[PDB]
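Summary of the model geometry
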Amino acid sequence: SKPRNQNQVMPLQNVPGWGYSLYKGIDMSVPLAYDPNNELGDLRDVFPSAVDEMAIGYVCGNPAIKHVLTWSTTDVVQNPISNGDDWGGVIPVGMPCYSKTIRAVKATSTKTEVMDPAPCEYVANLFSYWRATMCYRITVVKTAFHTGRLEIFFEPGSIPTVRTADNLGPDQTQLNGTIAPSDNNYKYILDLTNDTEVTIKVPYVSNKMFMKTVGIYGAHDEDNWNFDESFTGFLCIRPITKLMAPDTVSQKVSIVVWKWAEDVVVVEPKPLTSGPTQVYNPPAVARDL
Amino acid sequence: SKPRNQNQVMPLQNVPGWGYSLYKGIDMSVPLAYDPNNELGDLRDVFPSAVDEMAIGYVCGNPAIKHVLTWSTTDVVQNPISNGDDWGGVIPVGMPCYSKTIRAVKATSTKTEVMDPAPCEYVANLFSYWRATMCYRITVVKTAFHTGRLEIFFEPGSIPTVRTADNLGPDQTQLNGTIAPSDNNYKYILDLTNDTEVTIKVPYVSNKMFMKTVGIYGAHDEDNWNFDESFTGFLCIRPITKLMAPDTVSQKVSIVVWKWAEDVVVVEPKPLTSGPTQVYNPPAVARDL
Amino acid sequence: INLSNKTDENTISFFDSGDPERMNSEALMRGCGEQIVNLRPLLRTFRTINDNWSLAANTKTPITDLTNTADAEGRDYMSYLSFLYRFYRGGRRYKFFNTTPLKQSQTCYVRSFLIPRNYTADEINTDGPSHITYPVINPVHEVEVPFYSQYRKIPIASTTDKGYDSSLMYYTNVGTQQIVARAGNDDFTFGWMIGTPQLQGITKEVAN
Amino acid sequence: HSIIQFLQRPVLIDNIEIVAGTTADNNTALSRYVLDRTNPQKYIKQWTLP
Amino acid sequence: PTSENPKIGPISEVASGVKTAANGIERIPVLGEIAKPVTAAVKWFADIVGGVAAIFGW
Amino acid sequence: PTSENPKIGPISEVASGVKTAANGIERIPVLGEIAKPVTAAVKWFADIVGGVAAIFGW
Amino acid sequence: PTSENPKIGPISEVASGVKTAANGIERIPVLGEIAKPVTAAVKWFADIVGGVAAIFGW
């Protein structure tokens, strides 16, 4: 009735929380429930949309405005349109962020840098390396009486920069038609006579399989390598023909640029940043920290 | 709903790291990843060669030069050619190393011994016992006007040695045709009239199933047994006919010997050495240690 | 006779011996019990690179501080064999056996994080995946680092880029001494086969 | 001819003249051992590629 | 799936019924990602409507 | 394989597709040592292209 | 074999090929006590000659 053991001696390891950082596995979490098989139903008639809003292709596919430039009748040809917004004319091609402002408050002056990310950039900040096809919708706010020719050309590699102590910005003097000819650059010349828009998809090209998601985080005169290594290149928007406008309309137009990503790939679930992911909560007044 | 246990009491052993020194088994290493089934792909289009460079037959099959001798017109017949390099004329047959130099630096004089290994020797140093078919390519650097006959004969067993306080070397006086006749030795007489080359494979023969991988490591007048026990025998290269050369060419030729192994077998994954495997990093100058 | 210096590719073997594989397999059956035919299995094995690696409390230590020497030494197989090649790929595995001779606190715990190679602790966050052990119930901290790379292969030389592959960061709330053993994952290997370096043997002091 | 073909064109890079009995690095034979970096292996020529 | 572990994965994989590149920009119906309607597909609901003896305490 | 342990080995052996003495001097194609191409042979890739419910978090 | 333990024994029994009372005085060929020649009967040798992917490190 009471036979003898015939099993062997199991070897073991007292390692609680094995693989808790993974997404797949059998969790040893005890449910404070009635049924061990407690499980909610499917998502029918929960959210206003039966679409999966958590897929990377649906988030990084939500475009956002990153550039609003001012193209005046004075803007010179084959010179990047640098009026109205930061990073004027130049568009670093990539999922990471390239633009940041410094909030300096006070003795001393504490400086924290703020970012203006699109959903693609928000997502990329969560990982170490990225790879994607970057898509840009370049719209012009004009009338039927503004005419002009716009050149959008892609240049691979690092970007000419005027590096500061706390930020980076493009050197507009190294992007003129003399120093930066577009004769051997993939480009699209857009006529504004009647049309206003062109969407531009830039596939992934680099000597690396994955670029960095650092971007402008901590980027300045001393820390500048990762920024250059976070992008495949840059677009530059230069006038082929001066803006044509009678005195019955505005002597300027606004160039709006939407940004999103397609064919997205993210590699490491750890950021590359000095510090963690932190959301900027704007204080009540300009004196706070 | 809540029945009773019917399982038995498992016997166990808290033995973490069980079999970590083996090559096969299920590793309890936690991956700092996203997927537990993280796995790279195959090696297509990674390295310049789709060949397996990690197989013992591909490494020990990479030959290397171990002897460059100088056969002068003065060299006597049936005497080993001992001019130009160490271990002159004699070739200890085996995967281990047989040659080493002593770097003596300073009171005191610190002496460390350095080795010149071929890939077969590099591999053998990682194990305790070896067994292989040793292959030697004996080339002669000459012209069409040098002629001669060369005798390469295999002698099994220990080698005649002039043992020093820090090294071992062959006794050239016990290898002359008088003391060491080649009449009852496997050999190959090579004519140099037009040919220059003969590859010689020496199968494994010994009263042991495996020889030692120690070789010359720590070998000297006092420590000499393992060296003799690390080789199946030795080849000796002696002139059957003096070197024939007019005064229009060099009065000497260079005998180059490549070494590699085939049908290789290694036994224990632990070296036989006093100390560990250590790579000699040549210092900047001769004063360093 | 014709004047010429040529090569006839003459080959000779010295004995009427049996098939070498027969004899080798018999010898293995009688005196080894196994057969090593490739050197990747040695990268799958764990070998010691340090028997005593002391750490300071509450300090995030990158394991590069140790491997950068343990690779030049040549004691382990991942180092010895690296001197034969120029490339590598794949991930790595490390084991930390506790050798702490004193009680520092009522609760000793060990923690491992990711980090880009050749970075410092003040250059990286502590987020991302992690593994935590308690040396008192489990004195063996086993962890694996995947091949999170911008490149399909990694060279064994210096590069202009930095942070192009992942590594390990190690943290502890107390001063721990550990035996460190490393190895490669089921995907690690090397590339070009090149020549060998010189080997270091017995050393002696002589009061001349 | 395409650019590829143009790049497949053999180009003369160097032209060496070794003379016997010079005892120069061009005629200094490969050494058995290298104990110090002050006594490295001597080469005839070196080419950084590509 | 070539795995040297007899347990190829930690869990039993469940099929979706999706005809889209999951990392693509096209919409994905979240109901086709899994089948968990009000049916015997759910464990406790199957237990109830099948009248098992455990929901009664036996 | 004569083994008195019901578990003859620690792992499940995978076949190669090699026609060479592994300890021999002849080249060995490293792609024939294992099949892990871009196919359903890889676990996570099969999970993706088969659209399992776990890659979505279910 | 009447055993109330589902695991009747600790190990998997291997047959011999012997025709003799083991405690008898007649000789017993020790090669008929087990089959472990140079064949696929041995685990590592079968691994080698069958070219499995583990002997290569995969």
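Residues numbered from 1 in each chain as written, not as in the entry; some residues may be left out. Chains lettered and ligands numbered in written order. Part of a larger assembly, values for the part shown. Heavy atoms only, no water.

For this deposition, the record names cryo-EM as the technique by which the model was determined and cites 2.9 Å as its resolution.

Re the overall build of chain D
To keep things clear, this is the line we draw: Put simply, DSSP marks the helices as runs of H or I at least four residues long and the strands as runs of E at least two long, and each gets a number from the N terminus on. Throughout, the radius of gyration refers to the C-alpha atoms, and the reference size of a globule is 2.2 Å times the residue count to the power 0.38. All accessibility values rest on the Shrake-Rupley procedure with a 1.4 Å probe; residue burial counts only the protein chains present in the view. By the counting rule applied here, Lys and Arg register as positive and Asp and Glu as negative, while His and the ends of each chain are not counted. Note that the charge is assigned to NZ on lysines, CZ on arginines, CG on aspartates and CD on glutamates.
Counting secondary structure elements, chain D contains 1 helix and 0 strands. Taken against the 2.2 N^0.38 rule, which gives 10 Å for 50 residues, the C-alpha radius of gyration of chain D at 17 Å runs more than 25% over that of a compact globule. Taken along its principal axes, the extent of the C-alpha atoms in chain D is 50 × 25 × 15 Å. When the accessible surface of chain D is summed, it comes to about 4800 Å², and 59% of that surface belongs to carbon and sulfur atoms. Between the mean site of the 5 positive side-chain charges and the mean site of the 4 negative ones, chain D shows a separation of 7 Å.

Some details on the arrangement of the chains
The test is simple: The contact criterion used is simple: two residues touch if any of their non-hydrogen atoms lie within 4.5 Å.
Between chains B and C lies the most contact-rich interface of the 17 pairs of chains that touch. Between chain D and chain F there is no contact; the minimum C-alpha to C-alpha separation amounts to 27 Å. The two units chain D and chain G remain apart, with a minimum C-alpha distance of 33 Å.

Remarks on the interface of chain B and chain C
Inclusion rule: Buried area, as used here, totals the accessible surface that two parts lose on assembly, with accessibility defined by a 1.4 Å probe and the loss added over both. Take a side-chain nitrogen of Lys or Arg and a carboxyl oxygen of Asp or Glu: if they are within 4 Å of each other, that pair is a salt bridge. Pairing of N or O atoms within 3.5 Å defines a polar contact, subject to two protein rules: one partner must be a possible hydrogen donor and the other a possible acceptor, and residues neighboring in sequence count only if both atoms are side-chain atoms. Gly counts as polar in this scheme, as do all residues outside two lists: the nonpolar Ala, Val, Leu, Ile, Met, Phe, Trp, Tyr, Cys and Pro, and the charged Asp, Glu, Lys and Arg. DSSP bridges decide pairing: two strands pair if at least two such bridges lie between them.
Contacts between the two partners involve 93 residues from chain B and, on the opposite side, 92 residues from chain C. The largest share of the area that chain B buries against chain C comes from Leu32(B), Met54(B) and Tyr122(B), three residues that together contribute 11% of it. Seen at the junction of chain B and chain C, the total is 4 salt bridges. Put simply, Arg40(C) and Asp52(B) hold a salt bridge, and the shortest N to O gap is 2.5 Å. Put simply, chain B and chain C have 43 residue pairs in polar contact between them. In terms of residues, the side of chain B that touches chain C owes the most to one element, strand 6 (residues 109–115) of chain B, which gives 7 residues. For the side of chain B that touches chain C, a count of residues per class yields 53 nonpolar, 23 polar and 17 charged. Looking at chain direction, strand 14 (residues 278–279) of chain B and strand 13 (residues 199–206) of chain C are connected through 2 bridges and run antiparallel. The partner of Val279(B) across the bridge, within strand 13 of chain C, is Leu199(C).

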